[PDB]
Structure formats: structure tokens, C-alpha cells
2 protein chains.
Amino acid sequence: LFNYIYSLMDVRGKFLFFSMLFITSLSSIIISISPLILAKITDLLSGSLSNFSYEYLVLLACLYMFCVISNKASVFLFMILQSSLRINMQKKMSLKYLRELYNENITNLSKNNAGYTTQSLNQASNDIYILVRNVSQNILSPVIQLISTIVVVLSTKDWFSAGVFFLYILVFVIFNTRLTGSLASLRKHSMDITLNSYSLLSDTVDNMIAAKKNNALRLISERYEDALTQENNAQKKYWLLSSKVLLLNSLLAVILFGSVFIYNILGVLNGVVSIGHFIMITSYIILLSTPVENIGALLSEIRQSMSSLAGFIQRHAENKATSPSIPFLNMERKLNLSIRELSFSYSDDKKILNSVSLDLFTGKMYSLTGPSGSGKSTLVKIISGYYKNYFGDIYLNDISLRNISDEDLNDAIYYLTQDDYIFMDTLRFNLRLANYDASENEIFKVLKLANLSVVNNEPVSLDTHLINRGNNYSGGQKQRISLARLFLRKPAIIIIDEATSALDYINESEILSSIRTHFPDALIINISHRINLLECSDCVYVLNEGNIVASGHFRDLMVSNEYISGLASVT
Amino acid sequence: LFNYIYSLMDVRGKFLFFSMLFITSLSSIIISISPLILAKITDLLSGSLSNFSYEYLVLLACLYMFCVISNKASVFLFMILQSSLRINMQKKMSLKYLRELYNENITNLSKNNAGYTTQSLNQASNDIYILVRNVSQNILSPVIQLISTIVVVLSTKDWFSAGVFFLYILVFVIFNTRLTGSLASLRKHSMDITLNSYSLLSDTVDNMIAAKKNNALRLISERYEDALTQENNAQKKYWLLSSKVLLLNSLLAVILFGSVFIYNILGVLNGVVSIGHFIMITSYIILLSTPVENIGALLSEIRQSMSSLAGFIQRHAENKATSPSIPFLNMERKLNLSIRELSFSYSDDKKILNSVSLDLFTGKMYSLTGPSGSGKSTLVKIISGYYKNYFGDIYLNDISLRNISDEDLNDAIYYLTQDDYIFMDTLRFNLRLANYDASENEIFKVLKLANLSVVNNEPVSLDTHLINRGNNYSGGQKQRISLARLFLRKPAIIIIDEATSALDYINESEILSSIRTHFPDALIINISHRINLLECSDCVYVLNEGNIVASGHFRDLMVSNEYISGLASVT
């Protein structure tokens, strides 16, 4: 946990922290002499008061002031160094999640929305900054100011004060650490529900168009008001208990340090305690409020932030990629396919796939028809690397798919959906998304073969913008955007699913053969009921509610079974 | 601006602020007596020192301590009252944007993503809280502590100190207010680029699936690193200048208050100034650092937060809805249609619509065919209430569409798209989105007519969840979800666009006639090239690249023009 925080510090990052560590711990020394200086200032007024006993008052006045100026200017140096550190430990932090999300599975990206992660990352940098505000300052600065006090009073031989001052620190730690336990899980849940409070704003602001079109303003507001009060009442539970802990600790200061002020004020009127000794003991308590309270700031803030930070390490940083079965993917390409007894359970309630023992061999065109999405559209999604809640193993040239990590898996297995994923930027962006190694020459080359170079009988520029959810291009052009990424990249096993729903023959002839042209040694798989696409194939499969039922050519399936016979009569 | 901040305070909200105002302004009084108490403590040590001149030292010691305890415990009461206020001024703030977004146009929702608003609202509650931290505390608390100082020193007749103490406050305001001007627009831009820094994370985390599938990890990281440094360097420009302003103001304290400490320390060694008078003047400067610095906190924090808060009022709170042309919508329904010379300019570069003078009359079925999306799909979107960058007026029973506000406009004009807008919750949620007045009885009633009640020959429960971007249901079922909202609501002018792209005759016969059944007096408009849907119509229109070209029946258009003749030959 600690290493991940210190990892954010680069060259300048590690240089400003040690600067922060010294400067703050230096101010503690100069401020510890401060009560002792005024004691000898006060004592001096009852002295002989000759030539040098009026110049000493002047001297020590500056000596006390300098100590204040030094510790004063030290905090401004502390909040300038940290403000410089705030920038440096944000740059190398923003990507330390971006890249963590990339390598993590879709099963943890489908259940997380845009606004969720906007706050999930917001609380991480919020807690680490607070953890630095405690690791640097509150670790040494109070400790140095507190130890001086214990011995100084023990040295001047005021044993009671030397006891009670130690007893407050003795009690204060036990009281806080025991209570922090729940306060931590309460700030945890408070931030966890605060997380969920904006997990709904994400779904709100995105689909507000429909809400405006259906006018359920109240539902939008009321559903949001429900989570809002779920947060407030969970924040009440924490604030209440946190505030109640204060009145306890602050009462103790009046209990212990109040009685010490009483103790010495009694002994001073007699003659057991001098004016200065009394003045020093009261001024010590006066300057004992600063370390005592900042010791508390350490104990709590560190623990509650560490628990709310722990809910960021045990989910994204492994055990998804341990750098294990990175092998292999053949370099001459061609990897075939072999599935043996595939079974899925989404919500456990039913069996998606029952028994699937199939073997496919690369370099030829295959097809998947029958009862629509009964387990044919999903079968290839588990293969492509969406879910790992399946049974058996999917072998691809001596290697099962459950073994290969998602970084090497997507290099050979490229899958085309109906639901295309387009960004909110230039044409170049989405095209260079398939490859950063492909520059302007091959980019415009893939465009003429992706049937989107010349749109409305006029060539499209590469700086042409695109609006969110594919709001810039039509139903047919949204699918052809998903097609440009295919020719720009180079896979070994290609899968196609009902992406020929928003396309016609004048453009379906120039696309279905170009895949065979560019990728001939590859394993092309298509999932579209069209008879003209089911005929070009070397092998056709029928998938009824999960289990495999038929296989072979189109001319044998339209004679043997009656679905392919009742699909070939609708031409 | 100020009224919108005070509006957040309800009954308990307005009660805790006045509690905050008194308690903080009360601590300023007790702390102003503090330097004067120690002055008479110090002076007393050079006195006659009889019976009552050792009991007075004891008395004033408590009197000084109580003053510290009072001001000390006052800050904990201040940060407990504000922590209570933080909850109360968040509940009535979260919706004070949710509802502001609802009434605002799509043209300001298409250009704003989920993560943008997650931070656009985050900085609003961040600046108001800071503004309360200045309006309550820093308005009175320093002012009371500062005025006492001016007269006390003027009363004790130390005219120089009474001058220089006033001169620092005289200079400090002019220095800060002149420099704040740019610092405000720099924190503005800093927060504006910080806004834009996460405007890309929204597009990143949402479409990470494609990035993982196309492996452009570097591009994702590098594009994010580009905005990250665009932020850091814009944050550098602010921090640098802000930090440079400190070393100036803090030098002035050593320039002015340093020389006053020198002034009196010179006059004390002589006999012009007594021990106590000197001790009080030094202790005043000592306790003058607290109001002076907190006066600065007011001057700046208020101005920079007010400018970064101003960029939240002049965009959402009007001039979209002034409560003007709320009239009318006929109660017996039937409102007809009348467009006169419609023209659009998206990027100005071209003319989307050239000349459109058309009149439609309610109670009958209409159609729009021809060259796909050439201005036929967009024509109805400007009508439905998407854009106001058009020419002319669209009259609907003596009222032009440019006049009716979007709240009354969506009640009669309901439009069905291909791109459906589904949420991330239960079946009930999306269904009750069309109406909150419709309970369980009519909800299940619309389901059997929306062809989604009995899915896979098994009835679907109303607590059935749905995954983001329609990831739970298929291409055909995503369109039929958009259809249930139609029968659940009651419009006067219905528009349909290529939503019959992912549907077949066994379900297209049970839907196309049910709209005529449920809404007969309504103006049904369809935009689908299908000949069977173009025949049922009372009037068909042809739309070529913006301008109107043909109108009339299907049997006259398939004889007169050659497109409808070359569309009716493909059956």
C-alpha cells in the first residue's frame, strides 16, 4: 500500500518530499524553545534589575519573536512545497488507473459507469494527498515538540507536571485508536455511498434526452433524492459519532491540563513554584495544544484514508494479470479452433449453453444461423474475451483460451458487433485506434476499402469530427466505422455477428470478399441468417438454445432440416 | 449570484448559519482582550508587590487562559456547525442542476458528457462552501479583532503604532484587490482546463472496451497525457503567481510590523515606553497575524470562487425558459401542421434544407421516403425540439414551434428513433419513465401491446434489469423498448424514423395498426422506404437533399417519378 503512494514520486517528486520533511521538522525545534524564552523574560522582572538586566529583556524579546517568525514562515513554505507536490503526484496518478482499467476485464467495466470512475479516482488522489499531509508533517513535527516538553519539565524537577503531561499522551492514543476502528469503516461507507450517489447522475445526465422526451422529471428528481438522503443519513451516522469524539478529547484537556494549571497556580501563591516556572508550565500547555491535536490528526486521517484507499488496490491491481500464460500466438499465423463442452450461467437460474464440442480449422469461411441469439451471438463473445464464467476449455493451437491473457488474446481474435463503440473526436482518432504504427498513407488506403472515404459522392477529410453514441453518422455508416478497424489491424481468427443488418448488396459484395482478400489464411466466422452469406461458406452450424444440433453445407441442411429449408424459400 | 447561494438554506440551513455568524464573531471579542491581559500581568511584576499584588497575577492568569480556551473551543464549534451545514447545502444543491439540465436544450447536452457535469457540479459546491467559509467567518471575525487594535493603541497614545498598524491594512487591500483580478481568471482557466482534463476520461472509461479490442493503449494514455500536461502547465501559471504574491505580503509584515517591534524596543530601553506597553505592542502584532491573513482569505477566495461560480449561472439559469409562450396544446387534441420555408446550417458550410413549404392535417397516416437521411430524418428532429438553428416558422394550430417551450412541446410531439435511449435499472423504471401517474395495472397492459411481455415464450417480470447502451436486450428488443413509452404516454403528433429496420411482419402488423387504434385523431408520420408501409398512407412525400420534390399517393408516385417506380419493383 505504502509503496504505491511513494511510487507516484519521480525525480522532483522525491526531492520536494524530503524538503517538506526537514523544513516542517525544523520548525518544531525553534517552537520548542519558545515557552522557555518567555519564562526567563518573566523571571528577569523580579531580579536585581541593574545595567545588563534591561538589555537582556530586549535581547530575548527578539529571540522569542524570531522563533515565531521562523515557525510562521515555515507553514507557508510547507503549503507551497505541497502545492508544488500536488501537481507532480496527479500526472503520474491519473494514468495509474487508466492503464489499470485497460488490462482489467469487461465484467468490471460493464458494471462501472463514467461518473463512478470520475469519483473512484477522485477519492484516491484525495486520500493519498491527505496521507502525505500526515506522513510528512504529523509523523515528526509533533513528536519532536512533545519529547522536549517531557524532559524539560522532568529536568526543572516538576514531577507531577512531568507525569500528567505524559499521562494525557498515554490515554489520548488508546482512546483514539479504539474509536478509529468504526470511524474508518463509517467514512469508508460514507464515501462508498457518496460513490453510489453519483453512480446514478451518470445514468441521469447521459439519458436526460429520453427523460425530457417522456417527461418523468419527478422520477428523475425523486430517484436522485432517494440516493441523496441515502448519503445524508449515512453521512449523519459518521459526523455525529466523529463530533461526539471531539467533546470527549477536548474535555480531557480541561480535565488534565486544566488541573495542572490549577496545581501550579496553587503552589505559586505559596512559594513552592516561582513566577517563571508557573509562566513556563502554563505556556507549555498553551503550546501543547498544537502537537497533541496534530498527533490525533495522524492516528485517524491515516487509518480512515488507508481503508478508503484499500478499496482501490484489491480490485484493479491483480489477480487478472500475474504475467503468466502470455504465450504464444503463431508468427506465420493460422491457429485453428477447438471448443470442448462449453456451458454458461449468467444469473445461475438457467444454463445458457448445455453441451458444445466443436472443432474449426483456419483459412476457410464459416457460418452460424438458426434461432436468433439463442446462444450463437454470446458463444463467440466468451471466445473473444468478455466473460470467464464458462465451463470447459477453448483450445487454439495447443493453448486453451482461459489461459491466454486479454492483451495477446485481442491481437488474433477480432470480433465485429451490431453495437459499435465510437468516440467523440476526429476521424483520424478512431482510425488510429486500431493502430498507432499506421500513418496517413495506409489510413487513407483502408478508407477506400472500408466504404466511407467518398461519402455522399464527396471524399471525407481525416479531421472530420464524430458526436457521442454515434450521433454524427447513420445506422449503416456506424457499422462501417467498426469495419475500418478490421483492415487497419491484422487478426488470425475473425468473428462477425448480425453487422449485415444495416447494409445492402452494392456494398456487401465489396466487403464480404475483401476480408477473404486481406485475410485469407484467417478463420472467418459470420453470424447472419442471409442465404447468400450461408452459401459462400465451407461449413454452416445451427445453434438451438445453447446446444449444437446441426453442421455441414447449406445444400445438405436445406434438405435434411426444415429451418434451413424454410429460410431458403424466403429469397 | 448571492441569492442563489442563500437559496440553498432551508429551515435548519438558515438556523445554523446565524449560529455560525454569532459564535465566530463572539470569539473575536474575547481574543481582542487577550494581549491587554498579559500587559497588566507583565507590568504587575515591577509594582509595589504587597498582599493583593500576587493574587492579581493568579486572577489574570485564569482570565488570559479562559480567553484562549473560549476562542479555541469556538473553532471546533465552527467546524462542527459547518460540517452540519455541508450536508444540508448539498441535498438542495444536487437537484439545483439536475432540474436545470432537464429544462435546457439537447444542443447543450450533446456537447456535454457524463464526466464533464460530474466535475461541473463538483466545482460549484466546492466554491459555494468556500464562499460560506468567507461570508460567515472572514467578514466579521477579523474586522472586530482589527478595529479594537486601532483605538486601543490610539487610546494608550502610541500614535506611530496607531499609524503603521492602520497603514498595513491601508496597503494590504490595494495590493491584493489589484492582483486578484488576474488570479481569479487564472484559477478560472485552471479549473476550466481541469474540467476539460476529465472531459476526455468520460470518453476513455466509456469506450475502453473498443480500445482494449483494438489495442491503442499508448494513444489512450498519450492523448490523456496531452490534456494532463495542458492542466499541469496551466496550474503552474497560477501556482507560480499565487506563491509569488505571498513572499511580497509576508515581506511587508517584516517591513512594517518588524520596524514597529524595533521602534518600541528602542523607546523601552530609554524610558519613553514601559515594559507592559512594549509587551502589549509586540503581543498585538503577535495576535495581528491572525486577522490580517484572514482578511486576505476573504478578498481573494470570494472573488476567484465568484468568477468560477459565474460560469454556472449565465448558461443553465435562462434565457431558454422565461415562462413565456407556455400556451397552449388543445385539450380535445388534434393540432394539424404547417411548415413555411425551412432551412438549416449545421457547420454553416452547406444548406441542409433549401425550401420547405408543407402543410399536414391530423387524424391520418403520412410517410417520408426517397434518398436516405438526405434531410428527411433531420427535418422531424428540428420539429420534435432538438435544434433552433433553422429558418422560418413551423405552425401547429395557430402557434409556431419556435415559440412553444420544450416542456409543453414534448407532450404532443413524440418521436421514435433507431438510436434508442435505455437506462441501467429495472424494467419498471424505463416504463414508468413515460409516466409516473401510470401504476402496475396499465404498465402490464401496455407490455402485451408493446410485444415484450412474453419474451422467449415466457412472461418477463417488471423487476428485470437492463445493462448500459442496451447491452441486456437485442437489436429488435431495443427498438420495442422505445415503443412501450409511446402507448404509456398520449401524444397529438407522432413521428416514426427507420425504427422498422430491426423488425419483421409477424410483429410489424401488431404494431403499425395499434398506433392507429390507440391514437386515431393523432398525426402519425413514418420515415421508412418499405412499400407496404408507404401504401397504407394517405399522403407520401419525397425529400431530395433538403428541398421538397414530390407529394401524393403511392400509386401516382410509382407512375409519375422513377424512384418510387424503382422501389415498387423490389418486392
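Analysis parameters
- Residues numbered from 1 in each chain as written, not as in the entry; some residues may be left out.
- Chains lettered and ligands numbered in written order.
- Heavy atoms only, no water.
- 1 Å grid on protein atoms, 1.4 Å probe; cavity = no way out; pocket = protein on both sides within 12 Å on 5 of 7 lines; lining within 4 Å.
- Points joined across faces, edges and corners; volume = space filled by probe spheres on them.
- Helix = DSSP H or I, 4+ residues; strand = E, 2+ residues; numbered from the N terminus.
- Nonpolar A, V, L, I, M, F, W, Y, C, P; charged D, E, K, R; others polar.
- Least-squares fit on C-alpha atoms.
- Contact = heavy atoms within 4.5 Å.
- Pairing = 2+ DSSP bridges.
- Axes fitted to C-alpha atoms, helices over the stretch in contact; angles between N-to-C directions.
- Domains from an automatic or database assignment.
- Buried area = accessible area lost by both parts, 1.4 Å probe.
- Salt bridge = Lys/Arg side-chain N within 4 Å of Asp/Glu carboxyl O.

What the entry reports as its method is X-ray crystallography, with 4.71 Å given for the resolution.

(A) Structural detail: empty space enclosed by the protein. Residues and elements named next belong to chain A. Across all of its chains, the model carries 14 cavities of 30 Å³ or more by this definition. Empty space within the largest cavity amounts to approximately 180 Å³. Lining the largest cavity are 13 residues, and of these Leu427, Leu431, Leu447, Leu452 and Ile481 sit closest to its centre. Elements with a minimum of two residues in the lining of the largest cavity: α15 (427-431) and α17 (475-488). Residues that form the lining of the largest cavity fall into these classes: 11 nonpolar, 1 polar and 1 charged.

(B) Summary view of the relation of the copies chain A and chain B. Once chain A has been moved 0.0 Å along the axis and rotated by 180°, it coincides with chain B to within an RMSD of 0.0 Å. Such a combination of turn and shift is consistent with a two-fold rotation axis. Minimal C-alpha distance to the rotation axis in chain A is attained by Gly115 of chain A, lying at 2.7 Å. Counting the interface residues of chain A, we find that 100% of their copies in chain B are interface residues as well, pointing to one common contact surface.

(C) Inspection of the sheet that holds strand β3 (residues 365-369) of chain A at higher detail. All names here are of chain A. In spatial order, the strands read β5-β8-β9-β3-β10-β11; together these 6 strands make up an open sheet with mixed pairing. Among the strands making up the open sheet, the edge pair consists of β5 (413-416) and β11 (547-552). Across this sheet, the average inter-strand angle for adjacent strands is 20°, counted without regard to direction. Of the strand pairs in this sheet, strand β8 (residues 493-497) and strand β9 (residues 523-527) are connected by 5 bridges, and their pairing is parallel. The partner of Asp497 across the bridge, within β9, is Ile527. Its contacts with the sheet put helix α13 (residues 376-384) on β3, β5, β8, β9 and β10 (539-544), and the angle it makes with β5 is roughly 150°.

(D) Looking closely at the domain arrangement of chain A. Residues and elements named next belong to chain A. According to the domain assignment, chain A consists of domain 1 (1-319) and domain 2 (328-571). If you average the C-alpha positions of domain 1 and of domain 2, the two centres end up 56 Å apart. Counting residues at the interface gives 4 residues for domain 1, matched by 5 residues for domain 2. Here domain 1 meets domain 2 over a buried area of about 450 Å², counting both sides, of which 40% is carbon and sulfur. Connecting domain 1 to domain 2 are 0 salt bridges. A class-by-class count of the residues in the side of domain 1 that touches domain 2 yields 1 nonpolar, 3 polar and no charged.

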